[PDB]
Amino acid sequence: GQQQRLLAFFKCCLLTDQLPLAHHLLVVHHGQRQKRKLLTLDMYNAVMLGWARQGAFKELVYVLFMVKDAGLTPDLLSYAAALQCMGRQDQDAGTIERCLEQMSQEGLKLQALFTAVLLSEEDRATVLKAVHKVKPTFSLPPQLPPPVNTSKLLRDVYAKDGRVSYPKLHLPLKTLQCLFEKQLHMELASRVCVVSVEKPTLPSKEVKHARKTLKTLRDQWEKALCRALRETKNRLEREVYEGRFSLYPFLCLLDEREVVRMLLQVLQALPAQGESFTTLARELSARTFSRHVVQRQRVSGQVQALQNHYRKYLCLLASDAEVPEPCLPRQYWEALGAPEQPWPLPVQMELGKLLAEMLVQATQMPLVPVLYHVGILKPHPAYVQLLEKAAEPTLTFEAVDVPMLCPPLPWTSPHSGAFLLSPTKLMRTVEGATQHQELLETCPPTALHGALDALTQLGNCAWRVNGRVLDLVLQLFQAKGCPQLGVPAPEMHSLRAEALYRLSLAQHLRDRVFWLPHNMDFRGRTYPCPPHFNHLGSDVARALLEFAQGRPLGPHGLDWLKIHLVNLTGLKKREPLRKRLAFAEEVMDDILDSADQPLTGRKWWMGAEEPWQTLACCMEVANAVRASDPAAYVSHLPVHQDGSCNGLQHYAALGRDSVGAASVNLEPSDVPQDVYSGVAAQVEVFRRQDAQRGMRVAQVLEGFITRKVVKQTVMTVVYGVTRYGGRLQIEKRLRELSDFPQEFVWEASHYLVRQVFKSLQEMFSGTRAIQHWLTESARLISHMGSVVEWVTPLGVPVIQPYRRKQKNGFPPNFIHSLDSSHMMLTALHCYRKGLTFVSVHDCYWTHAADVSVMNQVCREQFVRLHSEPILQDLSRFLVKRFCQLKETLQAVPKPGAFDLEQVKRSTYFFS
Ligand SMILES: C[C@@H](Oc1ccc2c(-c3ccc(F)cc3Cl)cc(=O)oc2c1)C(=O)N1CCC[C@@H](C(=O)O)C1
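Residues numbered from 1 in each chain as written, not as in the entry; some residues may be left out. Heavy atoms only, no water.

In the PDB header, cryo-EM is given as the technique by which the entry was determined, and 3.5 Å as its resolution.

K.L.:
Looking at this structure, how should I read the overall build of the chain?
P.N.:
Helix and strand counts for the chain come out as 41 helices and 19 strands. Taking 2.2 N^0.38 as the reference for a compact globule, 911 residues should give roughly 29 Å; the C-alpha atoms of the chain span a radius of gyration of 32 Å, in line with that estimate. For the C-alpha atoms alone, the extent of the chain along its principal axes is close to 90 × 75 × 65 Å. Counting every position in the chain, which comprises 911 residues, the buried fraction comes to 53%. Counting 106 positive and 89 negative side-chain charges, the chain places the averaged centre of each group 2 Å from the other. (Helix = DSSP H or I, 4+ residues; strand = E, 2+ residues; numbered from the N terminus. Rg over C-alpha atoms; globule rule 2.2 N^0.38 Å. Buried < 20%, exposed > 50% of the residue type's maximum accessible area, 1.4 Å probe, protein only. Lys, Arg positive; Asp, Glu negative; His and termini not counted. Charge placed at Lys NZ, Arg CZ, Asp CG, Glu CD.)

K.L.:
Would you explain helix α4 (residues 41-54) in this entry?
P.N.:
At 3.6 residues per turn, the α-helix brings residues three or four places apart onto the same side. Between the first and last C-alpha of α4 there are 20 Å, a value that for 14 residues agrees with the 20 Å anticipated at 1.5 Å per step. The buried fraction of α4 amounts to 11 of the 14 residues, a majority that puts the element mostly inside the structure. Listed in full, the buried residues belonging to α4 are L41, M43, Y44, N45, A46, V47, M48, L49, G50, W51 and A52. Lining the buried residues of α4 we find α1 (2-16), α2 (19-31), α5 (57-69) and α6 (76-89). Where α4 terminates, the next one or two residues include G55, which has phi positive at roughly 85°. (Expected span 1.5 Å × (residues − 1). Contact = heavy atoms within 4.5 Å.)

K.L.:
Just to check I follow, could you spell out the site of the ligand for this structure?
P.N.:
The environment of the ligand is formed by 18 residues, the closest being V465, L495, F533, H535 and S538. For the ligand, an oxygen atom lies 3.4 Å from a polar atom in the backbone of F533. Taking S538, its side chain carries an N or O atom lying 3.0 Å from an oxygen atom of the ligand. Here the ligand, which alone exposes 680 Å², has 89% of that area covered by the protein. Where the shell around the ligand is concerned, the elements lending two or more residues are α23 (492-508) and α24 (539-544). By residue number, the principal contributor to the shell around the ligand is α23, which donates 5 residues. Classifying every residue of the shell around the ligand gives 12 nonpolar, 4 polar and 2 charged. (Near = heavy atom within 4 Å. Polar contact = N/O pair within 3.5 Å; in protein donor to acceptor, adjacent residues only side chain to side chain. Areas by Shrake-Rupley, 256 points an atom, 1.4 Å probe, with all protein chains shown as cover. Nonpolar A, V, L, I, M, F, W, Y, C, P; charged D, E, K, R; others polar.)

K.L.:
Could you clarify how one ought to interpret the nonpolar core in this entry?
P.N.:
Ranked by internal contacts, the top residues of the largest apolar core, which has 78 residues, are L426, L448, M520, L648, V714, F814 and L874. The leading source of residues in this core is helix α37 (residues 805-832), at 8 residues. What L874 contacts, discounting residues up to four positions off in sequence, is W773, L774, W790, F810 and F814. Counting residues in hydrophobic clusters, the runner-up holds 67 residues, among them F397, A499, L553 and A616. (Core = buried A, V, L, I, M, F, W, Y, C linked by side-chain atoms within 4.5 Å.)

K.L.:
Looking at this structure, how should I read unusual backbone geometry?
P.N.:
The general pattern is negative phi for most residues beyond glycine and trans for most peptide bonds. One non-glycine residue with positive phi stands out, namely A418, at about 65°. One can find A418 in the loop between β7 (394-398) and α20 (433-442). The buried category is assigned to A418, whose relative accessible area is 0%. Phi at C645 takes a positive value of approximately 60°, unusual for a residue other than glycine.

K.L.:
Is there a simple way to explain the side chain of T526 in this structure?
P.N.:
Here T526 is to be found in the loop between β10 (518-519) and β11 (527-528). Those residues in contact with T526 that sit more than four places away from it in its chain are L455, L458, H518, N519, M520, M823 and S839.

K.L.:
I keep staring at the sheet that holds strand β2 (residues 275-276) and nothing clicks. Help me out?
P.N.:
One key point about sheets: their strands pair by backbone hydrogen bonds, in either a parallel or an antiparallel sense. If you walk across this open sheet you meet the 3 strands as β2-β6-β5, and the pairing is antiparallel. Whereas interior strands pair on both sides, the edge strands pair on one side only; in this sheet they are β2 and β5 (372-373). Relative to strand β6 (residues 376-378), β2 is paired through 2 bridges, and the arrangement is antiparallel. Bridge pairing in β6 places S276 opposite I376. (Pairing = 2+ DSSP bridges.)

K.L.:
Explain the packing of helix α36 (residues 765-783) against helix α39 (residues 870-882) to me, please; I cannot follow it from the model alone.
P.N.:
When two helices pack together, their arrangement is given by the angle between the helix axes and the distance between those axes. As a packed pair, α36 and α39 sit with axes 12 Å apart at the nearest point and diverge in direction by 10°. Taken as axis vectors, α36 and α39 run roughly parallel relative to one another. Contact residues: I770, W773, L774 and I781 in α36; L871, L874, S875, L878 and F882 in α39. Of the residues that constitute the contact of α36 with α39, the class distribution is 8 nonpolar, 1 polar and no charged. (Axes fitted to C-alpha atoms, helices over the stretch in contact; angles between N-to-C directions. Parallel < 35°, antiparallel > 145°, perpendicular 65-115°, else oblique.)

K.L.:
Sorry if this is basic, but what is going on with the packing of helix α33 (residues 707-719) against helix α35 (residues 745-763) here?
P.N.:
Running from amino to carboxyl end, α33 crosses α35 at an angle of 70°, the nearest separation of the two axes being 9 Å. Regarding the angle of α33 to α35, the classification is roughly perpendicular. Note on element contacts: α35 touches α33 through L752, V753, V756, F757 and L760, opposite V709, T713, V714, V717 and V718. Across the contact of α33 with α35, the residue classes tally to 9 nonpolar, 1 polar and no charged.

K.L.:
How should I be thinking about a positive patch on the surface in this particular structure?
P.N.:
A cluster of like positive charges, contributed by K208, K212, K215 and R218, occupies part of the molecular surface. Along the polypeptide, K208 turns up in helix α12 (residues 207-242). (Patch = residues over 30% accessible without salt bridge, like charges linked within 9 Å, V, L, I, M, F, W, Y side chains within 5 Å. Salt bridge = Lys/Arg side-chain N within 4 Å of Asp/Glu carboxyl O.)

K.L.:
When you look at helix α28 (residues 611-626) in this model, what are you seeing that I'm missing?
P.N.:
Compared with an ideal rise of 1.5 Å per residue, which puts 16 residues at 22 Å, α28 spans 22 Å between its outermost C-alpha atoms and is within 8% of the ideal. Burial runs high along α28: 13 of the 16 residues are buried.

K.L.:
What should I look at first to understand the sheet that holds strand β12 (residues 545-547) in this one?
P.N.:
Taken in spatial order, the 3 strands make up an open sheet running β9-β8-β12, and their pairing is antiparallel. Only two strands of the sheet have a single partner each, and these edge strands are β9 (514-515) and β12. Of the strand pairs in this sheet, strand β8 (residues 462-465) and β12 are connected by 3 bridges, and their pairing is antiparallel. Bridge pairing in β12 places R464 opposite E546.

K.L.:
How should I be thinking about the UniProt feature "active site" in the chain in this particular structure?
P.N.:
Taking the numbering used here, the UniProt-annotated feature "active site" corresponds to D642, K711 and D842. Looking at the element boundaries, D642 is found in the loop between β15 (639-641) and α29 (646-655). Take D642: its relative accessible area is 28%, and that puts it in the partly exposed class. Not counting residues within four places of it along the chain, the set of residues in contact with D642 comprises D842, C843, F909, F910 and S911. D842 gets classed as partly exposed once you look at its relative accessible area, which sits at 21%. For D842, the residues in contact, after removing those within four places along its chain, are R525, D642 and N646. Among the polar contacts made by the side chain of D842, one reaches the side chain of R525 at a distance of 3.2 Å. (UniProt positions renumbered as here; feature names shortened; annotations may be inferred.)

K.L.:
What am I meant to see in the packing of aromatic side chains here?
P.N.:
A ring pair, where both rings are aromatic, is described by two values, the distance of the centres and the angle of the planes. Evaluated as defined, the whole model comprises 26 aromatic pairs. Aromatic pair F522 and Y802: ring centres 5.6 Å apart, planes at 90°, arrangement edge-to-face. Pair noted here: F522 is in the loop between β10 and β11 and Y802 is in the loop between β17 (797-799) and α37, with a separation of 280 residues, a long-range link. No difference in accessibility class separates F522 from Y802, as the two residues are buried. Following the ring pairs from residue to residue traces out a cluster consisting of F837, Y844, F862, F909 and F910. Over the ring of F477 we find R496, and its NZ or CZ is 3.7 Å from the ring centre. Above the plane of the ring of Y802 lies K805, whose end atom (NZ or CZ) is 4.6 Å from the centre. (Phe/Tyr/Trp six-rings, centres within 6.5 Å; stacked < 30°, edge-to-face > 60°. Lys NZ or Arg CZ within 6 Å of the ring centre and 35° of its normal.)

K.L.:
Got a minute to help me understand the pattern of salt bridges in this structure?
P.N.:
Oppositely charged side chains can pair when the atoms bearing their charge come close. For the coordinates displayed, the defined rule picks out 34 salt bridges. Here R578 and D670 are joined by a salt bridge, their closest N and O atoms 3.0 Å apart. Of the two residues, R578 sits in helix α26 (residues 577-586) while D670 sits in the loop between α30 (658-663) and α31 (675-693), which places them 92 residues apart along the sequence. One salt-bridge network, in which partners are shared between bridges, spans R53, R88, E122 and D123.

Listed below in structure tokens is the structure:
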């Protein structure tokens, strides 16, 4: 522990340029006997590297002498620091050769230094300059070409033979550079102030007095915190000079201004009900570390190098700019060259405790303290009352939460990508994050390249808020709200608070396009990085966003737009595309009326399943048909396509079950079939039978079973393992339209889930067999004291963070990974073909013009994925990994009789 603290102290001294203090502390440690043993060659080499970077040959020799006196041998790091100092000071070739001869006598090699010692570009250049003075013919081995994956699936994707026509952003190179500069400035600021979208009364009797007194209190708090920080820093300086270890360099690492500003921001964002003391200390320490990381990237020239590289990388995305050879964003970034350590837990904890105690001490108000000990730091009732009376309209958000205004950095590695100056991991999950990351690092780099390119593609998409829909939603939200349409009205209080955050951000991004960086989960489902964009399934959010880039509708663009409007309305679900288009043409008068006068009129859209999306589609088709040439009209609206229960689709594809394929519409058919309606009829029959037998739940739950509840139950059974969209949402859907007593809603939901599960088991034989096999395999692997692990068809390793839950989650997780691989393949092929494709909550969004091409690519990639021996490869991997278990793994479910190629002909596969 103490050795770790000392190592962290020396590393922080190196980062802060406090080599005098580091040297003093090391000399004290060496002079004191019992403390000499606590030192380590790592700390010696850290101090040596610091003195070398600063150019102190005398001090470097002194540290080497101390090392030799401590019975320690010089290592590659010490020799690297020595050579760096020699090259920096232009030392003599004689001394250089003597040092190299000593190093060779010690048994170390010169070529192994550049490979085993971690050094920056400047240090490497200085060491090479020093070496060349004695060995001018010493050149490091030339870098090899980057490796490209050649998987049976990604072969056509990464093949140079296949022709490509990737898309190009509409913004010009200069505007892209300007937006990059804006994003860089905002991320350096680290905080953004947005105007609230709540009607301001602006009174003077109470609000102005509250605001003025709060300003006075803020000034007092700031000028007290400054004094407290200065006193603490002086105390720590004296403590270190005395000999004992402290957090002086850690405090000096961040500017006093930044420290006090972050403290005040945390105090302002403190919840009224209160927050835990340990949580506050952890937050303070993590914030200090992150701000230190960003300011270090700034001062160390890393920001300048990133800007220099980005100005060139934007040539690929910019339309006017043309690169020599077309290639993926990650490939271009790696070709141009990508520029290149968490603190100890106890150090972070002590720093957080110190900062929190300093805050609690310097916080005084008319003088009584502000934070009290209830370890729960609850604010002052008077303070929260004053803040409420003030009601500052501005709201503060983190630079990472706000969507980026420039193309996200391509995902070059699990760590490098997405945000600019902020480190972003590939997997969002914090449970087992260490396991996920170590597995992703262990598996071959070429394996993850597919997923990284897929994420880069999904991220490199421009978005903008729809002005009309945003204005309408704001008018409804401010005018007492409209729960019917989904707009909250002033539980509900939390929903209103959240909606205020999202709508406020929407107003901020009214006239500026943004980009959404995407990360993954342990299952493989992609999710936007910003936490405010989590609620993407809402019709409000779905109608607000639109692709900033718009393409010509083309010949079938208007037909596809009308079909999408009909699907959103949901009035004609069983009808085919021709009859849907006929109905769209029939309700053309109401569509135009809705597009012209939404608020005042027939409100036809209001009588739709998704009112906001229906209204947006009405506006779009109106603007399209009102122009001279409807095909010439440019569309910016995302058209969504989904497969009825992708989980059951994948199950049927794996089982080759003809009945299941016909039910989930895998086989060609002129009319679409609703597996939801089939399961609804089955569960209704089961309810009737159980009611005749004598079950009160079945007797009372008569007729209320509807397509919506059946869809939710199927999603929970096929895609649900206590996750978002499960039994809780089933209960919510039931209550929302519940005319029966709510006392047994929980039991009714349980019974419905059970009956739907049994009905699915009875109907889908292949699904039943595959689910039973996976369940038994997971159960046995858990009984053997191991966690279930596998590899997706693409190559991404997947592990379960749960530490039976594994038994119940293995089949859903496998199906999720299959769907994610299918989506990644479809997205990669669309990007190769020059299409704008995104995945938003199991619904593929594209443009109205390229819907046919997207569906074709989806069918082709689905057949390609399910043509490989997925189950056989899974069984072989499981056996090789965990080796009665082997017997069950070998007993792969028998495949049925079904020509999977027929999927290519199915026109209702995705609708
Ligand atoms: C009421 C509902 O309006 C919205 C509005 C906007 C968003 C956005 C968003 C943010 C910025 C921007 F520029 C464009 C958009 Cl689109 C993203 C998002 O992800 O969500 C939104 C929701 C709302 O805030 N909700 C939260 C509580 C649960 C939800 C539900 O109905 O269950 C509803």
